[PDB]
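Please read the structure below before turning to the comments.
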Amino acid sequence: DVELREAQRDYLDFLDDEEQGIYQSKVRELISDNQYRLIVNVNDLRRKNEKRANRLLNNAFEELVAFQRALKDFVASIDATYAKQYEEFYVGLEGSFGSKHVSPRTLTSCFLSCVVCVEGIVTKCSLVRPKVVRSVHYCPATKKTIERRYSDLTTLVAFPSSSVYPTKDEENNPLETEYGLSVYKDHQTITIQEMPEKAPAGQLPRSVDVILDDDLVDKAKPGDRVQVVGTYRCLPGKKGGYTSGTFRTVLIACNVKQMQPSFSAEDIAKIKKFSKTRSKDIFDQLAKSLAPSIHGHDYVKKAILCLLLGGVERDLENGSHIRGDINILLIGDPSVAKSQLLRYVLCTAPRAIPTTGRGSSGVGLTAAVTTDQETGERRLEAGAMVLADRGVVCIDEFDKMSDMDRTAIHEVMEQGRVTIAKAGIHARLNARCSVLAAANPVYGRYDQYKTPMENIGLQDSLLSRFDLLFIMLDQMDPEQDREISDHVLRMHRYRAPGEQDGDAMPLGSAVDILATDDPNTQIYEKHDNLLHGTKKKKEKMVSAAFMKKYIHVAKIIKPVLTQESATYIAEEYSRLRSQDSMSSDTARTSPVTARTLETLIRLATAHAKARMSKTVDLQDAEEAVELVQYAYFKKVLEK
Amino acid sequence: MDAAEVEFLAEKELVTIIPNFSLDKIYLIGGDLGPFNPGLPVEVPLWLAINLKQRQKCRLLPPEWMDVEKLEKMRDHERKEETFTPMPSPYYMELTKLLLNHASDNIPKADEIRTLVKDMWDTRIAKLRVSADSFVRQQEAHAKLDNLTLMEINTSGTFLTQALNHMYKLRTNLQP
Amino acid sequence: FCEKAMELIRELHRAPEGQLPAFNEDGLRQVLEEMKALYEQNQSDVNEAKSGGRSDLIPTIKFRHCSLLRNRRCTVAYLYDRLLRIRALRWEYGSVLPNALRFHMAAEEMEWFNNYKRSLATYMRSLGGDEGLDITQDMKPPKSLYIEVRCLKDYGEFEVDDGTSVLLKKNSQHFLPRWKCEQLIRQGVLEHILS
Amino acid sequence: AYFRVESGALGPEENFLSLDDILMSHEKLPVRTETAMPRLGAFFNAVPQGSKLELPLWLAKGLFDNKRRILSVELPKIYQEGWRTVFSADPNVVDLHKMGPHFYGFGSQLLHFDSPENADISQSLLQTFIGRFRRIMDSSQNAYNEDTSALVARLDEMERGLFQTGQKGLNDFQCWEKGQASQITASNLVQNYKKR
Amino acid sequence: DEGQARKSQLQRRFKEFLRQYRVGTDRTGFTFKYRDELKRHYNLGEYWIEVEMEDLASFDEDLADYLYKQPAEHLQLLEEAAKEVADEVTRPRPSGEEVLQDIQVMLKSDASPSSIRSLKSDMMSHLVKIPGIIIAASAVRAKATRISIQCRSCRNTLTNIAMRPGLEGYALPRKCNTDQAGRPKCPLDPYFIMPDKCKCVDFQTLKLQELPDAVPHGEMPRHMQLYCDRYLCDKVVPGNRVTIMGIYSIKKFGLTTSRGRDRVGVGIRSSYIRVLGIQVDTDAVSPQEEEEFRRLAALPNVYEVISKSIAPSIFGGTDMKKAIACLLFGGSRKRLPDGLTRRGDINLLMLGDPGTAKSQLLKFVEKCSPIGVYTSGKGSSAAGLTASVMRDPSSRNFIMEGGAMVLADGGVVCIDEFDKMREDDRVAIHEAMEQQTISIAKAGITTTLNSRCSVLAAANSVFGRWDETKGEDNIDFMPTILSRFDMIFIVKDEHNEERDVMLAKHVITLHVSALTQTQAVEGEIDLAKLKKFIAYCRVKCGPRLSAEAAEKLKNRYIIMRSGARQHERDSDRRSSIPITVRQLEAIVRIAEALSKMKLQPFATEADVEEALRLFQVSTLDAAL
Ligand SMILES: Nc1ncnc2c1ncn2[C@@H]1O[C@H](COP(=O)(O)OP(=O)(O)OP(=O)(O)O)[C@@H](O)[C@H]1O
Ligand SMILES: Nc1ncnc2c1ncn2[C@@H]1O[C@H](COP(=O)(O)OP(=O)(O)OP(=O)(O)O)[C@@H](O)[C@H]1O
Ligand SMILES: [K+]
Ligand SMILES: [Mg+2]
Ligand SMILES: [Mg+2]
Ligand SMILES: [Zn+2]
């Protein structure tokens, strides 16, 4: 009572700060941008009133009610009409919560009625449904209107109000609902699961249930990595006047954050200068910098850079489509770093979905039906390739996938669409992704005296659907062995600067993020003797963060093909296709088709993107032709 | 200082024994120890009392304050108050340990006495813990600890003093 | 630059219980050679700065001078910490060191130890009228005049009084005055039996 | 009877013969070079003006002067406002072992560079120590004959010294009460030499 | 009143036990064991103690008898006494510690256990001691200890209603207590539970399977449900062998027959064990143990001591016992700055002749490893080894269940009869053996699991016994799988007069010695200690190669590659055993394992020399 009034007074004092002005300005912006939720940083509250912050974090529901009442009063003070516009104003929290930073494993009963910040992966989402807040009813006979308020266990002030609408007045005269005058709010439920890398040994990850209401709905979709700030509550229930004493617990969100680069003017200037510095060296340097811990497979790295940059998809006025996504296949001998390159792309690309041939199915790749959590409605859940829409799917052990499962990949690889015709569902799903696949030859170890087609053991149509195919061979050469051995041993000797000698990597880890914003760019990575060697360092390495920003900026450019590039590409395609037995030893790894011409155009466009050029010039076309020439032919040894 | 040295200091306290031998007055450097006569009481330092008991030459008598009623009143008073209360001996814990370990056959109700002394010790240790926490949390420069015995201080003195030294250096960083 | 001296320091830091490792002769020689190289380069730079009036070399001279000072500091700290451990040896074991421990010490360290031992003996002799007071004994408060001791290893004749000695053989037990057994107990030759 | 030279990193100057201080000053510190530095380009041939380098604290302290002739010093991220705010929320959950073993000693020596944020660095170091005292005192004085690896995991070097002192006090009293403090024993060094 | 007086007297007796109990003698000293433990735990913020039943019996035999016969009431009284004693030991308390906390009292005894099969009806509501194996654990859920209820109509509230422990519910008041006059009557069932007024504790549910040796012949093992709460929650995981003290109890659900209850038999009830104490069986490190482990690691011949301790019953196989020791300790897992991982686990394959103790070696490593799973290749499937997708009975949704390599994460999986495994099942293990993850994309689940385990496999050759004439036809495995093994041993049962006589005498003496009472062996480490020593080293030490050791390894690797390349050219057949970069990293792992045995931060040239000798005897011998 008196404590609630004092808390409301304190919160009103906190938001009226013109006498530094951060929250007075924030509320003005809230009004201007047509919002009804203000995000408050608990660090400022802690600075100005420590006791009020501790109470807010430890007695969450009452303190949040007082905070929201104070916010409504303040907004009304700035502008009364706007305050009348909205039923309620909400408060979200951010900053550092100390020990309240938890995961779904560490979120225990001791955090009940507290504000917590949870970090995890979204596994399940639900449909948005309306929830009645205030009901308005009219009496035609008596010409008067009556209002009703509803609340449940999920509201800030929990009370189990009745769901039945009024139907008649105290007088027998009947009542009719004014739906356009009533108030409803959106409601959704999600599940957040522990990050698998953080789980203890042998343990499947734990999960927690979260409730999103109002604006927070649809802020997260399955597959996202999120940070949710909310309040922890138990939902007690009874049946037949009996309670089991065991209660479900939910997190009632007040803020949802994602874990889209943010660009400062200095970074933009750095990117522009980097693009301007060299004409031909940008692409080569970027490709050299891709996966530093792997000794060079230089052409493969250039191809992977092209895949990350991509081409430009064409939409024609008639409605026909030409894809811009570049697909790559790597077939190789054991232990040539195929899986490591796939893992690097998984770690670096903005949207990358891992998959194994033996551990995946067509259903799991495309989409699955099941009963809706509510009403038991036949609903669809996205598979790997739909989750990878406008992203990358990395398929390891591609040769192990079943033929029937493999066939489901053709339509996505070529057209970019998934057709679902099952369980009384007819849908066309967008799966516009780039496929990066790794495989072994039929005999495990490539037989140089057999032909590429006999070693690869795949149908010509599937091979045709791949923009580039790379045969990676392990040839015992003493000089190459020396270089690779030096690189590998240097990698294994490395010790990160923070760690001490003798330290062992733990299996699992506690929560390390202690704030919503990370308390912690340079173009070139700082030289390390072990990571780079004692060589004179003539070749410089671009840093990971700068590479991530630069590739993001370049992916948005759409280079336009020019007449000279088109002429060169056409002539080179004619030469590639006409040439039969161009070298008598030489054999074609994949057939040359009009898809090869489209691949040339795609690679040239990606190269032009790397330079941040608005036009595709002859140098880009030459690079694409060089890549295709390297990839499409292999010498066959004669015994 | 370690605990053995605090016990060494405690061993200089006077207790009463009944010997079973005859001896003339001894002129020790510390001071005279009166004649010893079988069956009659005499006052000696605690170290000599323990030694003579271990050699089967004397029977020890409990100190006046080693009484269950008095000790119960003292424990209740210690629990009621906020500061440290004055103790019956400046080495009550050491005297209790030595006497009850070596002469329980001579001291009736030794178990109750040990339990009451343990209660008092626990209460006083908790009060000292509160004092240290208050000293650090409120950033004091000085404190008063009256009626606190040497053994109680020595139990955690080094830790507290080292922490205070570090805290003082952190408080005086900005002075050039 | 000063990474060899850092190795010198790290070796000692890794053993915070006072044990004496083998003297790091090669590390010390490396540090001294580096110091000489730095000094020669600085001398050339200083001569050029005087001759041609090039100011731009002064920061380099300062950098090299700081590196030299750092090397000196690490060397001296290493040597001094070793001296502290050697000093502890005298009070923990006695005036005559086991050969195992002697092996780790350098010859100059042995000379330092002998000088310190002589000085301590002189001081202890000067305290009293005759023989002074040997303050290396009586390390703990005394409880009983006599104690029971068990021989942990074969040691041979051990003099109780000038007239009489007793043979120390493993697993024999003796009831003896404490002041005659303290030193052998501290050396791990006897064990104090409490019953 | 072996007592290493003690640390003086919290004072105005560190101790010349302190191994801990030498290790602490070995740690790096970002700097910006305010003058061309000839004949040292090999180690980082001249180093151009305005270059950004990481130098050991001892080397930065040697070259630094109040007028910023040779170089200017920037604070590590750990001592900047972003992390100072994290410390204020709850100093008991931050891992000071990973964020610099000599967290207090290093931060104390940063005050020599006359940064505009000196008062804030100083106040943060004090509050962090005060806010962590109770847990250090309780764990050190109540973890008896137990595994302490999880109790000292997040403590820095200075705090680990206090923890060892607290454990020593707890152990000594327990030995005295159990009657083990009266036996004459082989010296500590002898035990670690002849039985280890 | 009389019942209150009896309860108060019993609580007083428990309090006096806690205040007065002592351990020691008048020759040495005395310690108030339980009072001191309570004081230290409360100061640490851990609000629990563990009480020995033998100590309580020594203080007061009747109290122990009551606690055994009627555990619930007397345990509640003991907890109240513990709370009282905790206040007195810590009573002047610092700010923010005003409110006295509840104390959970755990129970421990020295009595012999009893089996699940022996749990009969006459033991209902009694204290029982049961051994078993944890096979399943639920998620941590919230169980109310105290509730507040409010009236829908009048808002009249009843506060601080105590809840029964265990799997027991509560019946709400039927009618409200408000005044009948003036107000319209309150409705039936007017009370609802106030969410924010409820005090909750963490709870868990477990399945305890009977010990494999206790199962009657020809029967499927039985299991029992366990209820854990507060600090007993999340202590054990599936695979742990435990002995539990608890209350044999019955689920108390609603009295009403809601949903028209229609049981196959009448008056039947569901049993469970309310857990009061857990003891993990060998089959945190104390400072004494840690000192002993440091002593072992410093022995100049520690490598020989550990090797002699591995399957001491097997007569020979010294090189294979040395390689198994390296596998048990493992290498150093690393993560490079770019995010790519290098595995530290070691894989070993024994391919050889029948009756050469290959299966006996695998059985030993299952017992010796801190985490160990034994499976058969014939009895395995692709989903069984890695992970499965299946329907949840309660939820009506797809879930995931881990296989052998999820259960063995952080340890070793022993795959016997590796040759009998189907090719489609064998191929499912490639990702887990190198990337140490399991990728699943099925039935709407897209996730990745950890499978950081070492593979120890045994198999026979193609023709049963290794035939030297058949050459490369003896091996059937693909190059892809074989390159994932750090060491490959070709075991050939060599017939020699001298060795055969020695082996026969060893085997006979082993069978006669089965009657002898067990005795220690001076030069070996018992399995229990070796198991703990391995776990200690793996957490404490991750070594690295020294710069000098790396140069030695680089030069020998180049020679090895040239020799393998030359051998294939001369024979005109590509060899079955490949020598790749994986084999270079294998030698690094074996060198690091040898250092980890000695708790050394850096692997030396001698470590690399021994690692290269092991590689020579195992894989190069096979490849040539
Ligand atoms: N060129 C290389 N540079 C660096 N590391 C390499 C190189 N080749 C192999 N490695 C390392 O050797 C191991 C090769 O395993 P990896 O899974 O990458 O091989 P792979 O080509 O995918 O084999 P497979 O077809 O058998 O799955 C990894 O540790 C990888 O880091
Ligand atoms: N060297 C040995 N020392 C002692 N016992 C041995 C030895 N070799 C075999 N045995 C015993 O002989 C039997 C061999 O059976 P086991 O299952 O261990 O053989 P295996 O080599 O795995 O054979 P298989 O390939 O036929 O499965 C077991 O009793 C084992 O204890
Ligand atoms: K049913
Ligand atoms: Mg692979
Ligand atoms: Mg077998
Ligand atoms: Zn009512």
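Throughout, chain A uses Swiss-Prot numbering, with the displayed residues spanning 9-27, 29-268, 273-533, 542-660 in order.
Determination method: electron microscopy, 2.6 Å.
In case you wondered, yes, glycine gets a Cβ from its N, Cα and C as well.
What Swiss-Prot lists as phosphoserine is A:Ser160 (among others), and the listing cites a large-scale study or a structure entry. Every protein chain shown contributes to the tally, and the Cβ of A:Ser160 (phosphoserine) ends up with 13 other Cβ atoms within 10 Å.
The phosphoserine feature in Swiss-Prot is assigned to A:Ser275 (among others); the stated evidence is a large-scale study or a structure entry. Contacts of A:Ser275 (phosphoserine) defined by a Cβ separation under 8 A and a same-chain sequence distance of 6+ are given as none. DSSP assigns A:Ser275 (phosphoserine) to coil in the three-state reduction, placing it in neither a helix nor a strand.
For A:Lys293 (among others), the entry in Swiss-Prot reads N6-acetyllysine. Contacts of A:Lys293 (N6-acetyllysine) defined by a Cβ separation under 8 A and a same-chain sequence distance of 6+ are given as A:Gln640, in order along the sequence. Secondary structure from DSSP puts A:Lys293 (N6-acetyllysine) in coil.
Among the features that Swiss-Prot reports, domain 'MCM' is placed at A:295-502.
In the structure as shown, the Cβ atom of A:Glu394 (ADP binding site) sits within 10 Å of 20 other Cβ atoms. Look at Swiss-Prot and you will find A:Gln353, A:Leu393, A:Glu394, A:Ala395, A:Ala397 tagged as ADP binding site, backed by a large-scale study or a structure entry.
Look at Swiss-Prot and you will find A:477-480 tagged as motif 'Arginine finger'.
Following the DSSP three-state reduction, the secondary structure of A:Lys547 (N6-acetyllysine) is coil. Within its own chain, A:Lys547 (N6-acetyllysine) has no residue 6 or more apart in sequence whose C-beta sits under 8 angstroms from its own. The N6-acetyllysine feature in Swiss-Prot is assigned to A:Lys547 (among others); the stated evidence is similarity to another entry.
What Swiss-Prot lists as phosphoserine is A:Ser611 (among others), and the listing cites a large-scale study or a structure entry. In this structure, A:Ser611 (phosphoserine) belongs to neither helix nor strand by DSSP; it is coil. Of all Cβ atoms in the shown protein chains, 24 besides its own fall within 10 Å of the Cβ of A:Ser611 (phosphoserine).
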Exercise. Restricting to the same chain and to residues at least six past its boundaries, which positions have a Cβ under 8 Å from a Cβ of the motif 'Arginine finger' (A:477-480)?
Worked result: 339-342, 423, 426-427, 448, 450, 611-612, 614, 616, 620, 623-624
Exercise. What's the CA to CA span in angstrom from A:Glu394 (ADP binding site) over to A:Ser160 (phosphoserine)?
Worked result: 32
Problem set entry | Reduced DSSP assignment, A:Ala395 (ADP binding site) | strand
Problem set entry | A:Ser611 (phosphoserine) and A:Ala395 (ADP binding site), Cα-Cα, nearest whole angstrom | 32
For this session: Find the one among the binding-site residues A:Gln353, A:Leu393, A:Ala397 whose C-alpha lies closest to that of A:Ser611 (phosphoserine).
Result: A:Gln353
Problem set entry | Top Cα neighbour of A:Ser160 (phosphoserine) in the set of binding-site residues A:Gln353, A:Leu393, A:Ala397 | A:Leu393
For this session: Just name the winner among A:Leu393, A:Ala395, A:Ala397 (the binding-site residues) by count of other CB atoms within 10 A of its CB.
Result: A:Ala397
Seminar exercise, completed: In chain order, residues whose C-beta lies under 8 angstroms from the C-beta of A:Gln353 (ADP binding site), counting only those at least six residues away in the same chain, are A:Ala304, A:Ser306, A:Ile307
Exercise. Do any of the recorded positions A:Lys293, A:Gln353, A:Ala397 touch ligand 1, in the sense that the CB is under 6 Å from one of its atoms?
Worked result: A:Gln353
Problem set entry | Chain E neighbours, filtered from recorded positions A:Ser160, A:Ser275, A:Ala397, A:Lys547, A:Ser611, Cβ-Cβ distance under 8 Å | A:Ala397
Exercise. In the motif 'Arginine finger' (A:477-480), how many residues does DSSP assign to helix, to strand and to coil?
Worked result: 1 helix, 0 strand, 3 coil
Exercise. How far apart, in Å, are the two Cα atoms that lie farthest from each other among A:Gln353, A:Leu393, A:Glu394, A:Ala395, A:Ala397, the residues recorded as binding ADP?
Worked result: 33
Exercise. For A:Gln353 (ADP binding site), what is the secondary structure state per DSSP, taken as helix, strand or coil?
Worked result: helix
